[PDB]
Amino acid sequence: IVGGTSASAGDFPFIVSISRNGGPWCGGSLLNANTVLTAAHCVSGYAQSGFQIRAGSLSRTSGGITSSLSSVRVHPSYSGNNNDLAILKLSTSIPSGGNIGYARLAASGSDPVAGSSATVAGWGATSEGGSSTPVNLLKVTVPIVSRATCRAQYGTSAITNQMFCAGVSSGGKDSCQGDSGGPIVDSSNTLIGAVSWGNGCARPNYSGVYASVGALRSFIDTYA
C-alpha cells in the first residue's frame, strides 16, 4: 500500500495474508470458514504447498489462525489480466466470531461508481519498487476511476468490464506489489474487488486495476 495509514484492529475482519515459501506474497478475503478469495495471479500454476493463509491478525507474521491449502480453483476463463480471481479451499477451518468475520460481497450486476470512495488494504510495498514489506496491515482510500479514463490510460483492449479502476489523478495512493489478491471495499466495507494489476504503483495517470466482484458473482457463488 502506497500513501496509506496503519489499519486498526477489526477494520477488515475477513482479510487474510498469504505467504509463499514462508515470506510475504499476497492478500485475500475470507468468504467463509474454509474459503478464501484471492487473485488468480497469486496462485495460478505455482506449487500450492508453498502457500499459507493467516487470518485474525493485523500482522502477517504473528497471531491469528493459519491454514494450508486443500485446493485451488482459478476462474475458468482467467486470461491475461482478465478474470483475475481464484477460490482457495483451506485444510484448517477459520471460525468466525471474536475477531474474524467473513466478507460481504458486492451485489451481482454492480459496478463501482466513478468518484465513489474505496478502501484497499494489504501488506505490500509502500513505494513502487520498494524493498521493505510492512509486518502490520496498511490501508488507503482512493476514488473509483471511470472505466473510460482507465481505457485512456491503458488502452481499450486492456480494460474489460470484469475489471475496475481506482486511484488519484496526481498519483501517490495505490495498491502495490504484495497487495495482490487483497480486498478493496466500498465506504460501507462491502467487498467490491481484489487487487489485480497496474503499470507500477501510484503513478499519476496509471490507475490501480481491480478484479470486479460485482461482475464475477457467478464464479464466486458457485464455488464458495
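Here, rigid core means the biggest group of C-alpha atoms that superpose within 1.5 Å across both forms. Residue numbers here begin at 1 and follow the sequence given.
Item checked: Divergent stretch in 9 other deposited structures of this protein, 93-101 or 67-75 [C-alpha RMS, superposed by the core] -> Higher root mean square deviation of C-alphas in 9 other deposited structures of this protein is shown by 93-101.
Checklist line | Greater Cα displacement in 9 other deposited structures of this protein once the core is superposed, comparing 114-122 with 127-135 | finding: Higher root mean square deviation of C-alphas in 9 other deposited structures of this protein is shown by 127-135.
Checklist line | Stretch exceeding the other in mean C-alpha B-factor - 94-102, 107-115 | finding: Taking the mean C-alpha B-factor of 94-102 and of 107-115, the larger value falls to 94-102.
Check: Out of 46-54 and 180-188, which one has CA B-factors that are higher on average in the deposited record?
Finding: According to the entry, 46-54 carries the higher average C-alpha B-factor.
Check: Going by the entry, which of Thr126, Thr141, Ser71, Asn136 has the most elevated CA B factor?
Finding: The record points to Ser71.
Notebook entry, point to check: When the modelled residues of the chain are sorted by Cα temperature factor, does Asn21 land in the lowest, middle or highest third?
Noted result: CA B-factor rank for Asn21: highest third.
Check: Where does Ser207 sit by CA temperature factor within its chain: lowest, middle or highest third?
Finding: Ranked within chain, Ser207 CA B lands in the middle tercile.
Next item on the list: Divide the modelled residues of the chain into thirds by Cα B-factor and specify which third, lowest, middle or highest, holds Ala148.
Entry: It belongs to the highest third of the chain when residues are ordered by C-alpha B-factor.
Notebook entry, point to check: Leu216: which third of its chain by C-alpha temperature factor?
Noted result: Its C-alpha B-factor, which the entry lists for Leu216, ranks in the highest third among residues of this chain.
Next item on the list: Compare the C-alpha B factor of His41 with those of the other modelled residues in its chain, then answer lowest, middle or highest third.
Entry: As the PDB entry reports it, the C-alpha B-factor of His41 lands in the highest third of its chain.
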